[PDB]
């Protein structure tokens, strides 16, 4: 009985399925598409347009978030890694600490959200040297995803600071999750430093079958030393074609033991598909 984490992409797709319509048996919802700077300054992106396409206004967004929270559903904000994370001025702020304070201020202090999920896969400087990727048998991936970036000290500093406000060692039960892949350059170092801080570690195993997710588990647990209970696999509801496999993975218990659960990308993209995966994991 793992967790069921729902991504709700805020681009206005399937508009009749509102954020507040997330059904029961869904533990958390991650606002995706919408950017943290929009939460920071609500005047730049008009409601009902772009990444606010799913809401009539910011008041509508705010009201719907509370509807979910009062039902006991945790609402998290997605935050993408960025090349500025490899710089001394992450997110334009003066330091990683300033950046950390800023995210806490916007996500927690202002919007009263339950945490953040880091989508780690964006471009930036690659590691030097580039290690030889372990390969498919060892990880469930063929090689490096060349569009990702190195977890340089500056990059790790950002996550370290976020760790003071989000995650297992931070106060006020705030979620800190990561959505990435073993094929992302930054993966290994992120895990060496913060695996224990993440409540959940999501693998973007979209379209995988149990065999493949098990290869991932072997590595995540054995080599990255990640507790099996934090592992969450990705159900690509948006694709609408891998439901049977996703359901198998949802009900599946890795050889390493009970996994954390499943995340659905995106719940609002295909509700029937999402409901099926939710049912399977619950």
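Residue numbers count along the first chain shown, from 1.
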Next item on the list: Can you let me know which of the two, 32 to 40 or 212 to 220, has the higher average C-alpha B-factor in the entry?
Entry: 32 to 40
Notebook entry, point to check: For the stretches 127 to 135 and 161 to 169, which has the higher mean C-alpha B-factor as given in the deposited record?
Noted result: 127 to 135
Item checked: Third of chain Cα B-factors occupied by residue 281 -> highest
Checklist line | Third assignment of residue 246 from its chain's C-alpha B-factors | finding: lowest
Check: Taking the C-alpha B-factors as the PDB entry records them, is residue 105 in the lowest, middle or highest third of its chain?
Finding: highest
Check: What third of its chain, lowest, middle or highest, does the C-alpha temperature factor of residue 66 fall into?
Finding: middle
Check: How does residue 116 rank on Cα B-factor within its chain, lowest, middle or highest third?
Finding: lowest
